[PDB]
Amino acid sequence: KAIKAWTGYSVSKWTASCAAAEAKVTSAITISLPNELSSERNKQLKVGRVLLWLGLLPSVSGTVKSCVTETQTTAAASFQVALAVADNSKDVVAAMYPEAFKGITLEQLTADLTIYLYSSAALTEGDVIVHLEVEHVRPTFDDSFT
Amino acid sequence: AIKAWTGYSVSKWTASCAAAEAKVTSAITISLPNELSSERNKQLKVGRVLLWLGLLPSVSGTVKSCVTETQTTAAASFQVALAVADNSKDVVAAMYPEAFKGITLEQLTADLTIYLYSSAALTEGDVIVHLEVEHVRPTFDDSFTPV
Amino acid sequence: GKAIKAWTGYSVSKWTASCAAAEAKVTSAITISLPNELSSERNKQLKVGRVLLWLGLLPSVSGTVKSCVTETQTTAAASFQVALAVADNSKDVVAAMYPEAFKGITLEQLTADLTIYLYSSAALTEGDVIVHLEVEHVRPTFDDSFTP
Amino acid sequence: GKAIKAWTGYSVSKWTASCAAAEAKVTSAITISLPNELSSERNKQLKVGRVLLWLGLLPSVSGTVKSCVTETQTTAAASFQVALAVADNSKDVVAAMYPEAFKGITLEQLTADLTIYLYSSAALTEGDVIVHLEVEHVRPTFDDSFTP
Amino acid sequence: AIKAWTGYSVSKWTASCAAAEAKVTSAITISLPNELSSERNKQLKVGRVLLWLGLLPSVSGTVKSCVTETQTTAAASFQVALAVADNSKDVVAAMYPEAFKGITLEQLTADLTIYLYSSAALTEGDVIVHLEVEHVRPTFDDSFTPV
Amino acid sequence: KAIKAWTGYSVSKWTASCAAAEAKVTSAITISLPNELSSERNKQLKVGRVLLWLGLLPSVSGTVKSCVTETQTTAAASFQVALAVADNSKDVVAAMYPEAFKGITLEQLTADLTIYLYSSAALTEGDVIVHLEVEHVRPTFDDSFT
Numbered sequence: 042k043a044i045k046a047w048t049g050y051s052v053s054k055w056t057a058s059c060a061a062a063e064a065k066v067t068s069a070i071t072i073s074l075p076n077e078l079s080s081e082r083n084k085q086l087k088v089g090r091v092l093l094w095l096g097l098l099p100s101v102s103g104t105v106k107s108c109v110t111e112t113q114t115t116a117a118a119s120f121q122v123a124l125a126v127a128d129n130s131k132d133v134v135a136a137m138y139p140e141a142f143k144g145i146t147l148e149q150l151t152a153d154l155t156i157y158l159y160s161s162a163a164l165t166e167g168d169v170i171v172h173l174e175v176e177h178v179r180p181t182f183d184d185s186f187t
Numbered sequence: 043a044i045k046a047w048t049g050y051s052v053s054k055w056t057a058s059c060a061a062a063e064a065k066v067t068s069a070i071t072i073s074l075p076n077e078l079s080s081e082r083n084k085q086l087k088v089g090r091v092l093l094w095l096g097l098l099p100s101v102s103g104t105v106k107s108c109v110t111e112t113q114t115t116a117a118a119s120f121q122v123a124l125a126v127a128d129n130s131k132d133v134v135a136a137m138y139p140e141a142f143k144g145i146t147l148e149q150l151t152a153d154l155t156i157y158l159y160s161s162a163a164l165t166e167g168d169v170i171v172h173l174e175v176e177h178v179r180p181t182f183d184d185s186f187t188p189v
Numbered sequence: 041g042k043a044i045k046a047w048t049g050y051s052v053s054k055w056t057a058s059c060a061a062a063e064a065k066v067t068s069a070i071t072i073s074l075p076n077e078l079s080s081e082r083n084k085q086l087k088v089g090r091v092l093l094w095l096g097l098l099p100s101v102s103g104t105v106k107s108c109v110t111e112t113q114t115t116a117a118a119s120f121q122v123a124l125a126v127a128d129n130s131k132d133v134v135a136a137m138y139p140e141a142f143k144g145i146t147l148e149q150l151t152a153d154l155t156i157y158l159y160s161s162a163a164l165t166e167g168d169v170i171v172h173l174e175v176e177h178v179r180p181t182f183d184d185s186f187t188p
Numbered sequence: 041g042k043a044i045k046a047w048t049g050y051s052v053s054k055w056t057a058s059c060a061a062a063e064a065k066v067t068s069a070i071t072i073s074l075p076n077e078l079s080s081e082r083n084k085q086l087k088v089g090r091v092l093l094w095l096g097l098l099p100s101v102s103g104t105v106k107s108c109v110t111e112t113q114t115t116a117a118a119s120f121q122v123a124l125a126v127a128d129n130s131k132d133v134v135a136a137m138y139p140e141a142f143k144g145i146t147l148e149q150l151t152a153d154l155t156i157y158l159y160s161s162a163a164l165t166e167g168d169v170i171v172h173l174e175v176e177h178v179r180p181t182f183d184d185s186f187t188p
Numbered sequence: 043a044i045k046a047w048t049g050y051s052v053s054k055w056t057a058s059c060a061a062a063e064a065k066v067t068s069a070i071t072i073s074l075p076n077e078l079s080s081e082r083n084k085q086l087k088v089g090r091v092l093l094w095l096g097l098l099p100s101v102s103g104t105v106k107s108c109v110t111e112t113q114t115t116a117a118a119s120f121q122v123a124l125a126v127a128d129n130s131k132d133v134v135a136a137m138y139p140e141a142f143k144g145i146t147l148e149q150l151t152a153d154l155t156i157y158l159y160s161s162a163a164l165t166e167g168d169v170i171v172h173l174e175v176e177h178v179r180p181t182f183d184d185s186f187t188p189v
Numbered sequence: 042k043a044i045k046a047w048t049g050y051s052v053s054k055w056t057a058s059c060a061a062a063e064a065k066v067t068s069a070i071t072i073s074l075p076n077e078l079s080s081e082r083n084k085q086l087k088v089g090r091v092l093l094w095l096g097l098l099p100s101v102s103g104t105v106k107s108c109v110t111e112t113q114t115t116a117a118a119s120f121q122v123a124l125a126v127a128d129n130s131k132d133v134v135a136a137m138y139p140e141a142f143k144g145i146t147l148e149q150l151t152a153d154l155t156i157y158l159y160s161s162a163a164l165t166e167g168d169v170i171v172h173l174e175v176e177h178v179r180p181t182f183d184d185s186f187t
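Residue numbers (the UniProt record's numbering), protein chains in the order written: chain A, 42 to 187; chain B, 43 to 189; chain C, 41 to 188; chain D, 41 to 188; chain E, 43 to 189; chain F, 42 to 187.
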């Protein structure tokens, strides 16, 4: 299905391939705004709902977990505070934060939040593809002259 | 058992699975059935797509398959698919009600690809990948020419 | 000059068959093969309606050229002696309409029993005659629903 | 004997094309060129309707002469094998009406795609055949107002 | 912006200006546009005539032009013209609403002439003499012949 | 004043400083889409009205003219076909093409149109600043997942 954005809101996405990691190692994955949103005016737009989900190779065995939280000094801790976790054990490998981050600016979103990934077994580059939604108000612009 | 839309009809065809080694993903090409291979018909628009497997009773281990836009690496196809057809589930099938709406049979045959994964080795015919496609009810010429 | 509307519930399928090389006055038999799109067994049991044959000739095709569709005859020449209508080059319209002679048979029967017979007074080189064939028949119906 | 009224909103444009010299049984291709008066780009996008071709022969033109308008074929002779109507000298009326085969294309498409094919059993000298062509098409419209 | 009469249509075409020396008048011939060059069309009757120039941004000095009955001396044409198209005015144009009513395109092409004057020298293309003509809406054959 | 865009339309701008030019020389000025519009989807948006106007140094003497037209093999010719010209002699040094380019895509706009500038006196870099508006439909985007 599709979950339509709120009136006056838009959606953005950007993904990041997982880095190599050993057994049960939790790794941190960075968040960077896309070039469309890196503009000054767009940076100030307020965020709405959010959604996180993973793309796993068909051979990905063991348990794999990921979530988005305010950056924790230790990577593993984030799960212990995340309001939801994307876990491969579930039928749908996703996790929605419908209101956790409502009200922050895209700048804040990219500044303090981060993606955390955990795998019981060892990982290799490209093993896990991290997908992310960011609902926010529509960027807007209009002008004239003389 | 699922009914088709008004103005649409379902075409069904099968493809065998090539021999492959353990844990290695393979690709299976989509070739249109004869009654759709005519130039008039392949221009038709697609609706919903249904994929469901048939396994030999001896099939063991894990087997997964999905149809997606052709990807450079076969394994990666499982990372953009809406629904996967997996043997560990009750019904070994998947549905793509929204993914491929609007595509043409030309594009369906040329762009998509059936990707199949097995934890263990496979031998030819070990899996029968059945594919079912909704599309506009094909139309036929209904008059003779003068002379 | 006219467009023979097909009967309600019927459609028209059209395909060609290039003539094989032949010598003067030699009658040749051309086999009728169903098009791929109809070749499915599901469709093979459909009931034929009106049948129409008409030729296309190279402008340099001299002499007399005749063709008709009949149940396969032991001798090729004999076919014309029973055909109710023959398409000829010399006539105004090079065609032959069989509104009733074959109604009721199955497309499988059409492929198995009937044959296209072609005769040229002068020698024919391949492609000199393009035997067009237009078969009206019940509209084939595709599967209505998925498989659970 | 008859005057085919053009459709409402359509007009008829008529022009000729003298035949080039040719040898016996040689099929020749004659290029279709729009008349100057229609040649404007503004008009080139007009949609064609019915098309009519008919020949004029010197009274001494013996043998058989055939001509038809078809999408350009790789081999000139083949054109007749697909033309739905052919103008022949031997028939009562040396003409060929295409009421539908070309409806919908643009005059630019008409100039680019179709070709006039001509065949004579005997040798032709220049001007022996005057291929008249009459193309019905939407009425061109001129500018309604000045430029300030 | 000016509307044409009922039963009339406007044909517009342009003519470039030939190189000429200072203060010397030149003549420019009127040639019918292709869509009017057919024998049927050139018999048509004319209505109002509009002349207006386009100057290169570098054009300096005085430039004048008018269309009149062909005169033996080019300069003299400015002495019988109703309105002149001059560059010193706001709009570099002229109008001949009554002068040429009733003339035929044959006569318009054969009798009139576009005369152009410049205080300074001109180089080819330095002026684009646009001409706009009202005339009876040309009519087309609307039926095929028997055979 | 300000001339509001049409319902569902937006506005964009981008300027270009004049190059050096000698007396009465007409120069050509290129048009390049901004990075916001260089994206594939935005490129297809249809244009509406347009406006051109200049910024002159206070010392700019003589006559200066500019206009936007389909590229002409010779630079000077463009004026002879422009539906309006921005000329310093007027009170407001501007020229509006309210409908000349309506219906083309931003790609077409950047491909075939070009800016032409003419100065009776010699010019130097920065002497003339060419300002341009491009009204067009709003770029739009919206998405979802699983």
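Where a beta carbon is used, it is the ideal one built from N, C-alpha and C, also for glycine.
Query, Result
"Buried or exposed (CB count within 10 angstroms, at least 16 for buried), residue 82 (chain F)", "exposed"
"Chain E contact residues for residue 188 (chain D), given Cβ-Cβ distances below 8 Å", "43, 44"
"Interfacial residues, the segment 128-145 of chain C to chain B, with Cβ spacing under 8 Å", "133, 134, 135"
"Range covered by the beta strand (DSSP E) that runs through residue 151 (chain E)", "Here residue 151 (chain E) belongs to no beta strand (DSSP E); instead the alpha helix (DSSP H) covers 147-153."
"Interface flag, residue 153 (chain D) vs chain E, CB-CB below 8 Å", "no"
"Status (buried if at least 16 other CB within 10 Å, exposed otherwise) for residue 68 (chain F)", "buried"
"Reduced DSSP category for residue 86 (chain A) - H, G, I as helix; E, B as strand; rest coil", "coil"
"Whole-number beta carbon distance between residue 99 (chain C) and residue 159 (chain D), since they are thought to touch under 8 Å", "4 Å"
"Sub-8 Å separation of residue 136 (chain E) and residue 126 (chain E) beta-carbons", "yes"
"Cβ pair residue 161 (chain E), residue 65 (chain E) closer than 8 Å", "yes"
"Bounding residues of the beta strand (DSSP E) (the contiguous stretch that carries residue 136 (chain C))", "135-138"
"Bridge partners - residue 79 (chain F), DSSP secondary structure assignment", "Note: residue 79 (chain F) sits in no beta bridge, so no partner."
"Reduced DSSP category for residue 122 (chain F) - H, G, I as helix; E, B as strand; rest coil", "helix"
"Minimum Cβ-Cβ distance from residue 114 (chain F) to chain E less than 8 Å", "no"
"Straight-line Cα distance separating residue 180 (chain F) from residue 182 (chain A)", "10 Å"
"Positions along the segment 155-176 of chain F whose CB lies within less than 8 Å of some CB in chain A", "172, 174"
"Under 8 Å between C-beta atoms of residue 110 (chain B) and residue 122 (chain B)", "yes"
"Members of the segment 84-112 of chain E that neighbour chain F once the beta carbon cut-off is set at 8 Å", "96, 97, 98, 99, 100"
"With 16 other Cβ atoms within 10 Å as the buried cut-off, status of residue 104 (chain E)", "exposed"
"Residue environment, residue 130 (chain F), which counts as buried when at least 16 other CB atoms sit within 10 Å", "exposed"
"For residue 46 (chain E), the three-state DSSP class (helix, strand or coil)", "coil"
"Segment limits, beta strand (DSSP E) that includes residue 70 (chain B)", "67-70"
"Beta-ladder partner(s) of residue 161 (chain F), from DSSP", "Paired residues: none, contrary to the question."
"Rounded straight-line distance, which links the Cα of residue 185 (chain E) to that of residue 172 (chain D)", "15 Å"
"The segment 44-58 of chain E touching the segment 70-85 of chain D, judged by at least three CB pairs closer than 8 Å", "no"
"8 Å contact criterion, which residue 192 (chain B) and residue 124 (chain D) should meet: CB distance rounded", "The first residue shown for chain B is 43 and the last is 189, placing residue 192 (chain B) beyond what the model contains."
"Partners in chain D for residue 77 (chain E), counting only beta-carbon separations shorter than 7 Å", "77, 80"
"Rounded straight-line distance, which links the Cα of residue 140 (chain B) to that of residue 70 (chain A)", "31 Å"
"Option nearest residue 96 (chain A) by Cα separation, candidates A:176, A:63, A:169", "A:169"
"C-beta atoms of residue 154 (chain D) and residue 78 (chain D) nearer than 8 Å", "no"
"CB contact check: residue 60 (chain B) to chain A, cutoff 8 Å", "no"
"Closer than 7 Å at the beta carbon, the chain B residues around residue 73 (chain C)", "Ordered by position in chain B, no residue passes the 7 Å Cβ test against residue 73 (chain C), which lies about 13 Å from the chain."
"Range covered by the beta strand (DSSP E) that runs through residue 173 (chain E)", "169-178"
"Chain A contacts made by the segment 46-58 of chain F, where a contact means CB separation under 7 Å", "46, 51, 52, 54"
"Rounded straight-line distance, which links the Cα of residue 164 (chain B) to that of residue 107 (chain B)", "13 Å"
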